[PDB]
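So basically every Cβ, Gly included, is an ideal-geometry build from the backbone, and we count neighbours across all protein chains shown. Bear in mind these aren't lab numbers, they're just calculated from the coordinates by the rules spelled out.
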Amino acid sequence: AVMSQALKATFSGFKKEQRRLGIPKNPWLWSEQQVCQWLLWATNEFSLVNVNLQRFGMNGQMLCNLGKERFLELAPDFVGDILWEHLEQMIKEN
Ligand SMILES: [Ca+2]
């Protein structure tokens, strides 16, 4: 809500990372490696120790095809809510 709104501002940071690693703006286009790259950016950005990387061995098409419910089961507690907010914004906007 207030925390989600505030932390949404740092998501802009990933745009610099996308240009850096040649990650397309639209997640539908992402390779299994570019999905991993997004999760590694977040692991560093938000200091994580367990993004379930083995659970995200998928293309950007599969990632886009998971809904909020499946995404949150797979992703770690509270962190999943942060990642979902970023993912859904990227799908909606680019
Ligand atoms: Ca789109």
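Between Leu39, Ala1, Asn52, the Cα set farthest toward the positive side of the dipole of the chain (charges on each charged residue's Cβ, about the Cα centre) is that of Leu39. Computed on the Cα trace of the chain, the radius of gyration divided by the Kirkwood hydrodynamic radius gives Rg/Rh = 0.91. At a Cα cut-off below 24 Å, give the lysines reachable from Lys68, other chains included and same-chain residues fewer than 8 away excluded. Within reach: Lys8, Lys15, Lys25, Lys92. The distance between label points at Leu53 and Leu7 comes to 2.1 nm (points 7 Å beyond Cα on the Cα→Cβ vector).
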